[PDB]
Amino acid sequence: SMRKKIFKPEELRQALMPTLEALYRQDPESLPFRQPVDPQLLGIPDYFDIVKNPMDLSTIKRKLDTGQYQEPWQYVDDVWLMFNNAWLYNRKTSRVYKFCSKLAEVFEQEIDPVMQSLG
Ligand SMILES: COc1cc(-c2ccc3c(c2)nc(CCc2ccccc2)n3CCN2CCOCC2)cccc1=O
C-alpha cells in the first residue's frame with residue numbers, strides 16, 4: 001500500500017511550536033529575526049535586491065498559529081529560508097551572520113527529535 005501522511009492544523013502547531021519557541025528564547029541572537037527586515041529602518045537600501053524571498057520569526061509564528069501550513073517540511077523550508085537570507089545578505093564577520101549560525105545550531109538540535117516523531 002502507498003499513501004501520503006495527513007496533518008491537522010492544531011497537530012502541526014503543538015509539535016512544531018517548541019522548536020520555534022527555542023529560536024525566540026535566544027537573546028540577543030533572535031532579536032534581528034523576530035520581525036520582518038525593514039530596510040528603511042535598518043539603513044540597508046539594497047536588501048530587497050539581494051533577498052528575493054524575505055522570511056522572519058513573526059511570519060513563521062503567524063502562519064503556524066493561523067494554520068497556513070499543510071506539511072511539517074513547509075515549516076522547515078520557511079525557517080531555513082530565513083537563515084539562508086541572513087547568511088546571503090550579511091558579511092561572515094557580522095553580528096547578524098553569527099547570530100544566524102547560532103539559531104541554525106539550536107534549530108537543528110530541536111527539529112531532529114521532532115521530525116523523527118512526526119514521520
Ligand atoms: C535578519 O537579517 C537582518 C537583520 C537586521 C536587523 C533587524 C532587526 C533589528 C536589528 C538588525 N537590530 C535590531 C535592534 C535590536 C537588537 C539589539 C541587540 C542585538 C540584536 C538586535 N533590530 C530590532 C529593532 N529594529 C529597529 C529598526 O526597525 C526594525 C526593528 C539587520 C541587517 C541585516 C539582516 O538581513
Side-chain angles (χ1 to χ4, degrees), residues 1-2 5-91 93-108 110-119:
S1 62
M2 290 171 280
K5 208 167 185 76
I6 322 296
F7 299 94
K8 294 172 188 178
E10 200 75 7
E11 197 180 274
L12 280 153
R13 197 167 98 188
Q14 293 282 269
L16 305 164
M17 207 54 76
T19 67
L20 190 73
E21 280 173 10
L23 301 188
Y24 268 95
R25 279 204 320 269
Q26 305 309 301
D27 201 302
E29 295 94 335
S30 73
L31 304 188
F33 300 87
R34 292 173 180 206
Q35 295 293 325
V37 169
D38 196 320
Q40 188 89 63
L41 295 177
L42 298 163
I44 49 170
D46 66 338
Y47 187 84
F48 297 141
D49 306 334
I50 318 299
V51 173
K52 298 261 163 60
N53 219 328
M55 196 45 69
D56 73 286
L57 296 162
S58 75
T59 304
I60 301 157
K61 198 184 194 292
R62 189 195 53 89
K63 280 179 83 175
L64 201 52
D65 282 334
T66 60
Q68 306 268 285
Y69 289 121
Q70 290 178 292
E71 285 279 338
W73 285 101
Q74 290 188 342
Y75 163 85
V76 176
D77 185 38
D78 268 357
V79 172
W80 278 106
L81 169 66
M82 169 186 69
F83 298 153
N84 293 3
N85 293 354
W87 286 318
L88 171 72
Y89 188 73
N90 304 278
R91 301 301 179 275
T93 58
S94 77
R95 156 179 73 109
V96 179
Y97 194 104
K98 295 172 188 287
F99 283 0
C100 181
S101 301
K102 176 66 203 153
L103 289 198
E105 193 201 321
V106 170
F107 184 72
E108 276 213 277
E110 294 288 347
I111 209 74
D112 199 288
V114 166
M115 292 301 262
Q116 207 181 89
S117 65
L118 276 155

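FYI, the numbering just counts along the sequence from 1. Any value given below was found using the heavy atoms of this structure, including those in side chains, with hydrogens, waters and symmetry copies removed.
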Which distance, rounded to the nearest 0.5 Å, do you find between the [atom1] of [X] and the [atom2] of [Y]?
| X | Y | atom1 | atom2 | result |
| --- | --- | --- | --- | --- |
| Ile6 | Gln70 | CD1 | CD | 10.0 Å |
| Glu21 | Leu57 | CD | CG | 11.5 Å |
| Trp87 | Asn90 | CH2 | CG | 11.5 Å |
| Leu12 | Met17 | CG | CE | 10.5 Å |

Q | Path from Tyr47 to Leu42 over hydrophobic side-chain contacts below 4.5 Å | A |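 Yes.
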
Can you give me the closest heavy-atom contact between [X] and [Y], atom names plus distance?
| X | Y | value |
| --- | --- | --- |
| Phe99 | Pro28 | CE2-O, 3.6 Å |
| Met55 | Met82 | O-CG, 3.7 Å |
| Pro18 | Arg25 | O-NH1, 4.5 Å |
| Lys98 | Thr93 | CE-O, 3.3 Å |
| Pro36 | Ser58 | CD-OG, 3.6 Å |

Q. Does anything in residues 77-86 pair up under side-chain hydrogen bond (donor to acceptor under 3.5 Å, both in side chains), and if so which pairs, sequence neighbours excluded?
A.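 Residue pairs passing side-chain hydrogen bond (donor to acceptor under 3.5 Å, both in side chains), neighbours aside: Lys63-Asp78, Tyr69-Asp78.
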
Is [Y] close to [X] at the side-chain level, that is, under 4.5 Å between some pair of heavy atoms?
| X | Y | value |
| --- | --- | --- |
| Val96 | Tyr89 | no |
| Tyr75 | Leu20 | yes |
| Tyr24 | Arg34 | yes |
| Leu23 | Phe83 | yes |
| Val37 | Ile44 | yes |

Q) Among pairs that include at least one residue of residues 44-62, which meet salt bridge (charged side-chain N to carboxylate O under 4.0 Å, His left out), considering only residues two or more places apart or in two chains? A)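 Pairs touching residues 44-62 that pass the test: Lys61-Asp65.
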
Q. Which residue pairs satisfy the salt bridge (charged side-chain N to carboxylate O under 4.0 Å, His left out) criterion with at least one member in residues 7-17, sequence neighbours excluded?
A.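 Qualifying pairs, neighbours excluded: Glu10-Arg13.
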
(Q) For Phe7 and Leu118: C-alpha separation, side-chain torsions, deciding distance, then whether side chain to side chain contact (heavy atoms under 4.5 Å, CB included) applies. (A) CA-CA 9 Å; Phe7 299 94; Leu118 276 155; 3.9 Å; yes

Q. Under 3.5 Å, is there a donor-acceptor pair between the side chain of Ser30 and the main chain of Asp27?
A.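 No; judged by distance alone, with no hydrogens or angles, the pair does not exist.
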
